[PDB]
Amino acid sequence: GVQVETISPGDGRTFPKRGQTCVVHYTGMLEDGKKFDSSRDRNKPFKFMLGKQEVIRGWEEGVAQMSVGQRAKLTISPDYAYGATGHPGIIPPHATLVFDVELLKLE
């Protein structure tokens, strides 16, 4: 599934609802910390909506547990990410992924 470990607390009040746009900054890394992607490096937040199969399930269920302003590490098992296939040229088969996610706002 997904484990959510908090780096900095959110407002403890505003949690994402299906049909809102979540605006986040993320860094994705393998379990040993190797970075494969980050929106912080592009200086451009990533936006997505819950309920539309727009993100891997680990994100759909991890970000729904965060409130605005929170920064958390989401550790996602392979079945909630790219499974036995991986993602071509970036993520190996059976990889647990770690995302450092900051939920900046909801629109």
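Position 1 is the first residue in the sequence shown; the rest follow in order. In this text, rigid core is short for the largest set of C-alphas that superpose within 1.5 Å between two forms.
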item: Larger mean CA deviation from the shown form in 4 other deposited structures of this protein [core fit; 7-15 vs 83-91]; value: 83-91
item: Segment of higher mean CA temperature factor, 83-91 or 18-26; value: 18-26
item: 35-43 versus 61-69 - greater average Cα B-factor per the deposited record; value: 35-43
item: Third of the chain's Cα B-factor distribution that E5 belongs to, per the entry; value: lowest
